[PDB]
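**Student:** Just one file: my_file.tsv, with TSV, C-alpha atoms (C1' of nucleotides).
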```tsv
chain	number	residue	atom	x	y	z
R	74	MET	CA	-19.68	-4.10	-27.78
R	75	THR	CA	-20.61	-2.73	-24.41
R	76	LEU	CA	-17.96	-1.03	-22.26
R	77	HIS	CA	-18.32	-3.56	-19.43
R	78	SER	CA	-18.27	-6.70	-21.53
R	79	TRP	CA	-15.19	-5.29	-23.23
R	80	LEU	CA	-13.50	-4.47	-19.96
R	81	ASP	CA	-13.81	-8.20	-19.22
R	82	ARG	CA	-12.10	-9.01	-22.49
R	83	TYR	CA	-9.43	-6.38	-21.75
R	84	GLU	CA	-8.53	-7.79	-18.35
R	85	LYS	CA	-8.14	-11.31	-19.75
R	86	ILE	CA	-5.67	-9.62	-22.12
R	87	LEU	CA	-3.87	-7.90	-19.27
R	88	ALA	CA	-3.74	-11.22	-17.42
R	89	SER	CA	-0.99	-12.06	-19.98
R	90	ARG	CA	1.92	-9.69	-20.52
R	91	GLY	CA	3.98	-11.38	-17.80
R	92	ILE	CA	2.82	-8.81	-15.31
R	93	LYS	CA	3.47	-9.53	-11.61
R	94	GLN	CA	0.62	-10.31	-9.21
R	95	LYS	CA	0.66	-6.89	-7.55
R	96	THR	CA	0.86	-5.15	-10.93
R	97	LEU	CA	-2.18	-7.02	-12.21
R	98	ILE	CA	-4.02	-5.99	-9.05
R	99	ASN	CA	-3.15	-2.33	-9.63
R	100	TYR	CA	-4.53	-2.60	-13.15
R	101	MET	CA	-7.61	-4.50	-12.03
R	102	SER	CA	-8.44	-1.80	-9.49
R	103	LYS	CA	-8.24	0.88	-12.19
R	104	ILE	CA	-10.57	-1.19	-14.36
R	105	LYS	CA	-12.98	-1.70	-11.47
R	106	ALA	CA	-13.05	2.05	-10.99
R	107	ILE	CA	-13.90	2.61	-14.64
R	108	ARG	CA	-16.88	0.26	-14.23
R	109	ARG	CA	-18.55	2.09	-11.37
R	110	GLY	CA	-17.74	5.30	-13.20
R	111	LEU	CA	-19.16	4.65	-16.65
R	112	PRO	CA	-22.34	3.05	-18.12
R	113	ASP	CA	-22.47	-0.10	-20.26
R	114	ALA	CA	-23.08	1.74	-23.55
R	115	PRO	CA	-21.14	0.73	-26.72
R	116	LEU	CA	-19.57	3.69	-28.58
R	120	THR	CA	-18.33	10.13	-24.60
R	121	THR	CA	-15.14	12.21	-24.33
R	122	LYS	CA	-17.01	14.60	-22.01
R	123	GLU	CA	-18.56	11.59	-20.30
R	124	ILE	CA	-15.03	10.39	-19.59
R	125	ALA	CA	-13.59	13.72	-18.38
R	126	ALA	CA	-16.72	13.91	-16.21
R	127	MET	CA	-15.46	10.87	-14.32
R	128	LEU	CA	-11.81	11.97	-14.21
R	129	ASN	CA	-12.57	15.53	-13.08
R	130	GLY	CA	-14.67	13.81	-10.47
R	131	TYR	CA	-11.43	12.43	-9.06
R	132	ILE	CA	-9.35	15.55	-9.55
R	133	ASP	CA	-12.32	17.19	-7.84
R	134	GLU	CA	-11.84	15.42	-4.53
R	135	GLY	CA	-8.08	15.70	-4.85
R	136	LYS	CA	-7.29	12.22	-6.12
R	137	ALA	CA	-5.14	13.42	-8.99
R	138	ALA	CA	-2.81	10.41	-8.83
R	139	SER	CA	-5.77	8.08	-9.31
R	140	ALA	CA	-7.15	10.29	-12.07
R	141	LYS	CA	-3.93	10.17	-14.09
R	142	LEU	CA	-3.64	6.41	-13.47
R	143	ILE	CA	-7.23	5.73	-14.51
R	144	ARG	CA	-6.96	7.91	-17.59
R	145	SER	CA	-3.92	5.87	-18.66
R	146	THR	CA	-5.63	2.52	-18.19
R	147	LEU	CA	-8.77	3.71	-19.95
R	148	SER	CA	-6.76	4.92	-22.91
R	149	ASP	CA	-4.87	1.61	-23.21
R	150	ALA	CA	-8.11	-0.34	-22.97
R	151	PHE	CA	-9.30	1.81	-25.86
R	152	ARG	CA	-6.26	1.27	-28.00
R	153	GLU	CA	-6.78	-2.48	-27.50
R	154	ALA	CA	-10.44	-2.10	-28.48
R	155	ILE	CA	-9.45	-0.17	-31.61
R	156	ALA	CA	-6.95	-2.94	-32.42
R	157	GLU	CA	-9.44	-5.83	-32.27
R	158	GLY	CA	-11.67	-3.51	-34.26
R	159	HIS	CA	-14.58	-2.52	-32.02
R	160	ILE	CA	-14.11	1.23	-31.97
R	161	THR	CA	-12.17	3.63	-34.18
R	162	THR	CA	-11.63	6.63	-31.91
R	163	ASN	CA	-9.74	6.89	-28.61
R	164	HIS	CA	-12.00	9.45	-26.91
R	165	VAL	CA	-9.56	9.39	-24.03
R	166	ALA	CA	-6.76	11.02	-26.05
R	167	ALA	CA	-8.94	14.12	-26.39
R	168	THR	CA	-8.88	14.37	-22.60
R	169	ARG	CA	-6.53	16.29	-20.30
R	170	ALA	CA	-3.61	14.48	-18.66
R	171	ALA	CA	-3.94	15.40	-14.98
R	172	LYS	CA	-0.99	16.94	-13.11
R	173	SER	CA	0.04	15.33	-9.81
R	174	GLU	CA	2.84	16.31	-7.43
R	175	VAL	CA	4.17	14.06	-4.66
R	176	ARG	CA	2.56	15.35	-1.46
R	177	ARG	CA	4.62	13.12	0.84
R	178	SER	CA	7.17	15.13	2.77
R	179	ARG	CA	10.76	14.04	3.20
R	180	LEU	CA	12.02	12.95	6.62
R	181	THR	CA	15.00	14.61	8.35
R	182	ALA	CA	17.73	13.23	10.59
R	183	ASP	CA	16.31	15.07	13.60
R	184	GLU	CA	12.73	14.00	12.88
R	185	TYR	CA	14.06	10.44	12.74
R	186	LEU	CA	15.48	10.68	16.25
R	187	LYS	CA	12.15	11.90	17.61
R	188	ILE	CA	10.20	9.08	15.96
R	189	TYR	CA	12.83	6.64	17.20
R	190	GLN	CA	12.18	7.76	20.79
R	191	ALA	CA	8.42	7.76	20.27
R	192	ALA	CA	8.91	4.18	19.10
R	193	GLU	CA	10.06	3.32	22.63
R	194	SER	CA	6.45	2.29	23.23
R	195	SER	CA	6.51	-0.20	20.33
R	196	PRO	CA	7.86	-3.76	19.96
R	197	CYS	CA	11.65	-3.95	19.74
R	198	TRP	CA	11.63	-4.96	16.10
R	199	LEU	CA	10.24	-1.54	15.19
R	200	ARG	CA	13.26	0.45	16.33
R	201	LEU	CA	15.55	-2.27	15.01
R	202	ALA	CA	13.68	-2.24	11.71
R	203	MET	CA	14.10	1.53	11.59
R	204	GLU	CA	17.88	1.29	12.12
R	205	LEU	CA	18.33	-1.38	9.49
R	206	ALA	CA	16.12	0.51	7.06
R	207	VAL	CA	18.34	3.61	7.26
R	208	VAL	CA	21.74	1.91	7.37
R	209	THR	CA	21.02	-0.40	4.40
R	210	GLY	CA	18.83	1.95	2.33
R	211	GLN	CA	16.68	-1.01	1.28
R	212	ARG	CA	12.92	-1.13	0.67
R	213	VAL	CA	10.76	-2.44	3.53
R	214	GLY	CA	9.57	-5.18	1.22
R	215	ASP	CA	13.13	-6.49	1.01
R	216	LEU	CA	14.03	-5.82	4.64
R	217	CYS	CA	11.35	-8.30	5.66
R	218	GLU	CA	12.96	-10.93	3.43
R	219	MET	CA	16.48	-10.75	4.81
R	220	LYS	CA	17.37	-14.09	6.37
R	221	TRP	CA	20.55	-14.64	8.36
R	222	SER	CA	21.58	-17.03	5.64
R	223	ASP	CA	21.89	-13.95	3.42
R	224	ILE	CA	24.93	-12.70	5.34
R	225	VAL	CA	28.18	-14.26	4.13
R	226	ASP	CA	31.67	-13.06	4.98
R	227	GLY	CA	30.79	-9.50	5.96
R	228	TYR	CA	28.20	-9.06	3.23
R	229	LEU	CA	24.42	-9.01	3.23
R	230	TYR	CA	23.23	-10.24	-0.14
R	231	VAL	CA	20.03	-8.65	-1.40
R	232	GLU	CA	18.04	-9.39	-4.54
R	233	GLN	CA	15.58	-6.53	-4.55
R	234	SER	CA	12.10	-7.93	-5.19
R	235	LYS	CA	10.72	-5.03	-7.15
R	236	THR	CA	13.54	-4.85	-9.69
R	237	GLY	CA	15.58	-8.02	-9.47
R	238	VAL	CA	18.68	-5.94	-8.84
R	239	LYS	CA	21.31	-7.89	-6.90
R	240	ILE	CA	23.70	-6.22	-4.48
R	241	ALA	CA	26.05	-7.12	-1.65
R	242	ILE	CA	25.91	-4.78	1.33
R	243	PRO	CA	29.04	-4.65	3.54
R	244	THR	CA	28.16	-5.04	7.23
R	245	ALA	CA	31.13	-2.90	8.27
R	246	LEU	CA	28.74	-0.09	7.34
R	247	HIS	CA	27.50	2.68	9.63
R	248	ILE	CA	25.75	6.06	9.51
R	249	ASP	CA	27.64	8.72	11.46
R	250	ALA	CA	25.10	11.52	11.63
R	251	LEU	CA	22.82	9.12	13.55
R	252	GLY	CA	25.29	6.85	15.32
R	253	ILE	CA	24.21	3.58	13.70
R	254	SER	CA	26.54	0.62	13.24
R	255	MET	CA	25.22	-2.13	10.99
R	256	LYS	CA	27.13	-4.88	12.78
R	257	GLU	CA	25.91	-3.41	16.06
R	258	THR	CA	22.30	-3.39	14.77
R	259	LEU	CA	22.60	-6.90	13.34
R	260	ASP	CA	23.87	-8.25	16.65
R	261	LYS	CA	20.93	-6.72	18.50
R	262	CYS	CA	18.73	-8.28	15.81
R	263	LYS	CA	20.17	-11.74	16.34
R	264	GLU	CA	19.86	-11.60	20.15
R	265	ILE	CA	16.74	-9.55	20.93
R	266	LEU	CA	14.63	-10.81	17.99
R	267	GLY	CA	16.13	-14.17	17.05
R	268	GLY	CA	14.31	-15.45	13.98
R	269	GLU	CA	15.10	-17.03	10.61
R	270	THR	CA	14.58	-13.54	9.18
R	271	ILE	CA	16.79	-10.71	10.49
R	272	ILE	CA	13.58	-8.85	11.25
R	273	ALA	CA	11.22	-11.15	13.16
R	274	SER	CA	7.97	-10.64	15.06
R	275	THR	CA	7.33	-10.95	18.80
R	276	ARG	CA	6.84	-14.66	18.10
R	277	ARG	CA	10.19	-14.97	16.28
R	278	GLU	CA	8.21	-15.31	13.00
R	279	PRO	CA	8.54	-13.39	9.67
R	280	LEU	CA	7.01	-9.88	9.56
R	281	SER	CA	5.09	-8.33	6.66
R	282	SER	CA	6.18	-5.02	5.14
R	283	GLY	CA	2.65	-3.85	5.70
R	284	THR	CA	2.94	-4.26	9.45
R	285	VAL	CA	6.35	-2.61	9.73
R	286	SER	CA	5.01	0.34	7.76
R	287	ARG	CA	1.97	0.50	10.02
R	288	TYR	CA	3.92	0.47	13.30
R	289	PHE	CA	6.26	3.13	11.96
R	290	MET	CA	3.15	5.18	11.19
R	291	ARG	CA	1.83	4.76	14.74
R	292	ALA	CA	5.14	5.89	16.24
R	293	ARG	CA	5.06	8.94	13.96
R	294	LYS	CA	1.72	10.15	15.27
R	295	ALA	CA	2.95	9.27	18.77
R	296	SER	CA	5.91	11.63	18.29
R	297	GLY	CA	3.37	14.33	17.58
R	298	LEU	CA	5.53	15.96	14.89
R	299	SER	CA	4.00	18.37	12.35
R	300	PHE	CA	4.54	18.16	8.62
R	301	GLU	CA	3.75	20.03	5.44
R	302	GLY	CA	1.54	18.08	3.10
R	303	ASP	CA	1.13	14.33	3.54
R	304	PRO	CA	3.36	13.01	6.40
R	305	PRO	CA	6.56	10.93	5.98
R	306	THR	CA	6.18	7.16	5.84
R	307	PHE	CA	8.53	4.26	6.48
R	308	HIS	CA	9.59	4.36	2.84
R	309	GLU	CA	11.02	7.79	3.56
R	310	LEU	CA	13.92	6.18	5.41
R	311	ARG	CA	15.23	4.97	2.05
R	312	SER	CA	15.62	8.56	0.92
R	313	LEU	CA	16.93	9.56	4.33
R	314	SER	CA	19.53	6.84	4.04
R	315	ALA	CA	20.59	8.06	0.60
R	316	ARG	CA	20.81	11.72	1.55
R	317	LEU	CA	22.97	10.98	4.60
R	318	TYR	CA	25.31	8.60	2.80
R	319	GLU	CA	25.68	11.18	0.04
R	320	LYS	CA	27.19	13.58	2.56
R	321	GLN	CA	29.01	10.95	4.62
R	322	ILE	CA	30.54	9.30	1.56
R	323	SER	CA	29.58	10.07	-2.03
R	324	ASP	CA	26.72	10.33	-4.45
R	325	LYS	CA	28.14	7.29	-6.28
R	326	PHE	CA	28.00	5.24	-3.12
R	327	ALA	CA	24.42	6.26	-2.33
R	328	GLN	CA	23.37	5.29	-5.88
R	329	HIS	CA	24.67	1.75	-5.59
R	330	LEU	CA	23.29	1.22	-2.12
R	331	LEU	CA	19.82	2.22	-3.31
R	332	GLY	CA	20.22	-0.03	-6.32
R	333	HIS	CA	19.46	0.89	-9.92
R	334	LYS	CA	19.55	-1.09	-13.15
R	335	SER	CA	20.11	2.02	-15.27
R	336	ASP	CA	23.67	2.74	-14.06
R	337	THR	CA	22.19	6.23	-14.53
R	338	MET	CA	22.82	8.42	-11.49
R	339	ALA	CA	19.64	10.45	-12.03
R	340	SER	CA	17.97	9.48	-8.71
R	341	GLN	CA	15.25	11.37	-6.85
R	342	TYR	CA	15.97	9.75	-3.47
R	343	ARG	CA	18.79	12.27	-3.23
R	344	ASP	CA	16.34	15.13	-3.62
R	345	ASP	CA	15.54	17.15	-0.50
R	346	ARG	CA	12.14	18.24	-1.81
R	347	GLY	CA	12.26	21.51	0.08
R	348	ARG	CA	13.20	20.21	3.54
R	349	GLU	CA	16.12	22.65	3.48
R	350	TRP	CA	13.67	25.55	3.64
R	351	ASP	CA	12.37	26.57	7.01
R	352	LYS	CA	8.78	27.81	6.66
R	353	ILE	CA	8.32	30.32	9.46
R	354	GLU	CA	5.49	29.46	11.80
R	355	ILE	CA	3.46	32.39	13.16
R	356	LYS	CA	3.27	31.65	16.86
L	1	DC	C1'	-6.98	-6.18	25.03
L	2	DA	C1'	-3.06	-6.18	21.33
L	3	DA	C1'	-0.39	-8.02	17.71
L	4	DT	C1'	-1.07	-9.24	12.87
L	5	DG	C1'	-2.96	-10.58	8.39
L	6	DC	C1'	-6.01	-9.33	4.49
L	7	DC	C1'	-8.77	-6.51	1.21
L	8	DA	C1'	-9.09	-2.09	-0.65
L	9	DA	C1'	-8.49	2.30	-2.56
L	10	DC	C1'	-4.91	5.82	-2.83
L	11	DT	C1'	-0.18	7.66	-3.74
L	12	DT	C1'	4.97	6.80	-5.03
L	13	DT	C1'	8.87	5.08	-7.26
E	1	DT	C1'	11.97	3.66	-10.88
E	2	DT	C1'	12.59	2.29	-15.61
E	3	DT	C1'	11.10	2.33	-20.47
E	4	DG	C1'	9.62	4.40	-24.30
E	5	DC	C1'	9.75	7.74	-28.04
E	6	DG	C1'	12.02	10.72	-29.79
E	7	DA	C1'	16.68	12.44	-29.31
E	8	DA	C1'	15.36	16.85	-24.41
E	9	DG	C1'	12.58	15.48	-21.26
E	10	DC	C1'	7.66	14.07	-19.93
E	11	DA	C1'	4.06	10.26	-20.23
E	12	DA	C1'	3.26	5.60	-19.52
E	13	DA	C1'	4.44	0.90	-17.81
E	14	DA	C1'	5.41	-1.95	-14.15
E	15	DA	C1'	5.65	-2.84	-9.22
E	16	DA	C1'	5.69	-0.73	-4.83
E	17	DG	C1'	4.39	1.42	-0.39
E	18	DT	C1'	0.43	3.53	2.86
E	19	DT	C1'	-3.01	2.98	5.96
E	20	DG	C1'	-8.35	2.52	7.38
E	21	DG	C1'	-11.45	-1.05	8.59
E	22	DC	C1'	-12.63	-5.93	9.65
E	23	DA	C1'	-11.45	-10.27	11.31
E	24	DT	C1'	-8.51	-13.55	14.06
E	25	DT	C1'	-6.19	-15.36	17.89
E	26	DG	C1'	-2.16	-15.26	21.30
```
Using structure tokens, write down the structure that the file contains.
**Tutor:**
Amino acid sequence: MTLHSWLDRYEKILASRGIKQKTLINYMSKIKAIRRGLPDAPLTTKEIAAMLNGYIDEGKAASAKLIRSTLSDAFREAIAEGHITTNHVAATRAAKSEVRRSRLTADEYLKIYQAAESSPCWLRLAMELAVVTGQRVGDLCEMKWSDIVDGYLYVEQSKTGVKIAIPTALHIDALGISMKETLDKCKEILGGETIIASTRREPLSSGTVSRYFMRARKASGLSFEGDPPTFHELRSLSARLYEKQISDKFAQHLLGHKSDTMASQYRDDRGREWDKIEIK
DNA sequence: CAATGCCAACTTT
DNA sequence: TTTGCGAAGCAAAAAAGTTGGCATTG
């Protein structure tokens, strides 16, 4: 067939698998990129690497590696239904990508927290909850008061299905955060069905929280190496503090893994220990 | 205005 | 992260999070 017409067949395939909405979207976007990037011909290995290197060229290595993967799978499916016989993607180079996002430190957190003094109250409250519970923003915006029962905040992580009970008697010492104290302030000051509500006592979207955290960051005027820290970085911050304040085991469970494997990268400092000397 | 949601195109977990 | 394939560790699969730009409405 033609690449395009086959991409259409491939996505209908993908539409199955049991994939979640967001996942499908991620895949669709990689397929849409392939379109713009390649002709409609039938059959190119160099034609393919031409596209990929075009991404690695402008520093979008992550995308390159993700596209390459999707292209290759589309090809294996084509070879299966018998349309092609060679996976000209296999003969291509798997691009190397390193996380550019820098980790956030306890001190940096305090500065962003102050800089957030110019933001709605839910921001700072969202920041405290994020660090004391080590949960993903996506879940934090789901927490309803009905989820708290007898000193425990029940959480069924959306991304993994993992189910955990977080004790409210919790608190982070290095930062002076008491979960019960934070929760109270959340009930009073915000007052919504969700523990994290908007100015209009309505449910917030992870996207917004992220975004306001980002504003406050710039507002703090802090400098970072590589891509700046984002709201998700509080998850890792949470882990790394709790590791020291309690134990690696504890931090693992709080974060929530299926594996029961204490591998974890949230515990990694990713160089923040090192102090790169300026040059005033 | 300013707070928010939505679509998109990237990067992370 | 989690799974997969091969049996130690990366590559790939699945499902987020990040944030600019446009549009909407208190």
**Student:** Chain E residues within 8 Å of chain R, counting all atoms listed in the file: which ones, as a short mmCIF file (atom, residue, chain, number, x, y, z; two decimals) with C-alpha atoms (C1' of nucleotides), in the frame of the given file?
**Tutor:**
```
data_model
loop_
_atom_site.label_atom_id
_atom_site.label_comp_id
_atom_site.auth_asym_id
_atom_site.auth_seq_id
_atom_site.Cartn_x
_atom_site.Cartn_y
_atom_site.Cartn_z
"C1'" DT E 2 12.59 2.29 -15.61
"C1'" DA E 12 3.26 5.60 -19.52
"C1'" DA E 14 5.41 -1.95 -14.15
"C1'" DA E 15 5.65 -2.84 -9.22
"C1'" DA E 16 5.69 -0.73 -4.83
"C1'" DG E 17 4.39 1.42 -0.39
"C1'" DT E 18 0.43 3.53 2.86
"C1'" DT E 19 -3.01 2.98 5.96
#
```
**Student:** Quick check: residues of chain R within 9 Å of chain L, only C-alpha atoms (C1' of nucleotides), returned as an mmCIF file with C-alpha atoms, in the frame of the given file.
**Tutor:**
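Final output, saved to result_33.cif:
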```
data_model
loop_
_atom_site.group_PDB
_atom_site.id
_atom_site.type_symbol
_atom_site.label_atom_id
_atom_site.label_comp_id
_atom_site.auth_asym_id
_atom_site.auth_seq_id
_atom_site.Cartn_x
_atom_site.Cartn_y
_atom_site.Cartn_z
ATOM 1 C CA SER R 102 -8.440 -1.800 -9.490
ATOM 2 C CA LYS R 136 -7.290 12.220 -6.120
ATOM 3 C CA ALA R 138 -2.810 10.410 -8.830
ATOM 4 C CA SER R 139 -5.770 8.080 -9.310
ATOM 5 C CA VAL R 175 4.170 14.060 -4.660
ATOM 6 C CA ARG R 176 2.560 15.350 -1.460
ATOM 7 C CA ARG R 177 4.620 13.120 0.840
ATOM 8 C CA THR R 275 7.330 -10.950 18.800
ATOM 9 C CA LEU R 280 7.010 -9.880 9.560
ATOM 10 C CA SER R 281 5.090 -8.330 6.660
ATOM 11 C CA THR R 284 2.940 -4.260 9.450
ATOM 12 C CA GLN R 341 15.250 11.370 -6.850
#
```
**Student:** Just how far from CA of residue 233 in chain R is CA of residue 210 in chain R, in Å to one decimal?
**Tutor:**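 Separation between CA of residue 210 in chain R and CA of residue 233 in chain R: 11.4 Å.
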**Student:** Would you kindly identify which residues have an atom no farther than 12 Å from (-10.2, 8.1, -13.3), using only C-alpha atoms (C1' of nucleotides) and the file's own coordinates, and write them out as an MDAnalysis selection string?
**Tutor:** (chainID R and resid 102:111 123:148 165 168:171) or (chainID L and resid 10)
